[PDB]
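Just one chain is shown here, as structure tokens, and it is the form solved without the DNA.
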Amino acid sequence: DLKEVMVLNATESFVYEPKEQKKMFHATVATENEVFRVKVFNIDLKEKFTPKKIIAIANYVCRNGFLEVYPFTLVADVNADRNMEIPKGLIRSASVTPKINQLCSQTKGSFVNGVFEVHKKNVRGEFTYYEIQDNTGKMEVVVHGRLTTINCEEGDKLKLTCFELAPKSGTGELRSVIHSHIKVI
């Protein structure tokens, strides 16, 4: 089951389940051939997921195109003599923000990552709506719950992690879900 990977980046840690204060973080890792987004539900594993570190992983769970790391998952250290080298081809193709017009072109559901410019902001009750826009188009980001407490003004840019892309009658939409994360630039 063993995958040896290089850690590209990792977010800060945050609460996704409030009642028992369970925390997680997000990470991106790579083999020579593939980039993987990772959901890490054991916070004590933070040091192990440091940028440029080489690690070995087995007994992960696969769900919605993420690898999920739980206590039954083996995460081990790899010796220096592995000399892992990731082709820059793979790593640039890594963190590419999709164009909004293709996002509003999908009917299949997915979970998206990317840096988007904040065009407009509207608050409706327990809901915050961001309109995002690029050279190809625009669409709304629907935020409910915990992520509404992070402040973001017009003109700012947002690094979104694990947003749900949902098709509408007609148009697409992005919505916060339980593992979503926002970073403001």
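Between two forms, the rigid core is defined as the largest C-alpha subset superposing within 1.5 Å. We number the residues from 1 along the sequence you see.
Trainee: Count, per the entry, the deposited residues between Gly170 and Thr171 that are not modelled, and return the matching class: none, 1 to 3, 4 to 9, or 10 or more.
Mentor: In the record, 1 to 3 residues between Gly170 and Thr171 lack coordinates.
Trainee: What stretch has the higher average Cα B-factor here, 25-33 or 122-130?
Mentor: Mean B over CA atoms: larger for 122-130.
Trainee: For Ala94, does the deposited CA B-factor place it in the lowest, middle or highest third of the chain?
Mentor: Within its chain, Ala94 is a highest-third residue by C-alpha B-factor, going by the deposited values.
Trainee: Taking the chain's C-alpha temperature factors as the reference, tell me which third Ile150 falls into: lowest, middle or highest.
Mentor: CA B-factor rank for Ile150: highest third.
Trainee: In terms of the chain's CA B-factor thirds, is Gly114 lowest, middle or highest?
Mentor: As the PDB entry reports it, the C-alpha B-factor of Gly114 lands in the lowest third of its chain.
Trainee: Sorting the chain's modelled residues by C-alpha B-factor, tell me whether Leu2 ends up in the lowest, middle or highest third.
Mentor: Its C-alpha B-factor belongs to the middle third of this chain's values.
Trainee: Taking the entry's C-alpha B-factors for this chain, is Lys52 in the lowest, middle or highest third?
Mentor: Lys52: CA B-factor falls in the middle third of its chain.
Omitted here: the form solved in complex with the DNA. The next part is about that form.
Trainee: Please pick out the stretch from 131-139, 144-152, 41-49, 66-74 that is in contact with the DNA in the deposited bound form, where contact means heavy atoms within 4.5 Å.
Mentor: Looking at the other structure, the answer is 131-139.
Trainee: Would you mind picking the one in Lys120, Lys157, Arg37, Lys53 that has a heavy atom within 4.5 Å of the DNA in the deposited bound form?
Mentor: Residue within 4.5 Å of the partner: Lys157.
Trainee: State the residue from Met84, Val78, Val115, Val112 whose non-hydrogen atoms include one within 4.5 Å of the DNA in the deposited bound form.
Mentor: That would be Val115.
Trainee: Check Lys108 for me: does it contact the DNA in the deposited bound form (non-hydrogen atoms, 4.5 angstroms)?
Mentor: Judged by the heavy-atom cut-off of 4.5 Å, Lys108 is well away from the DNA in the deposited bound form.
Trainee: Which residues, if any, of 92-115 lie within 4.5 Å of the DNA in the deposited bound form when only heavy atoms count?
Mentor: The stretch touches the partner through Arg92, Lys99, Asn101, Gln102, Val115.
Trainee: Core-aligned, does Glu12 move its Cα 2 Å or more between this form and the one not shown?
Mentor: No, the C-alpha position differs by under 2 Å between this form and the one not shown.
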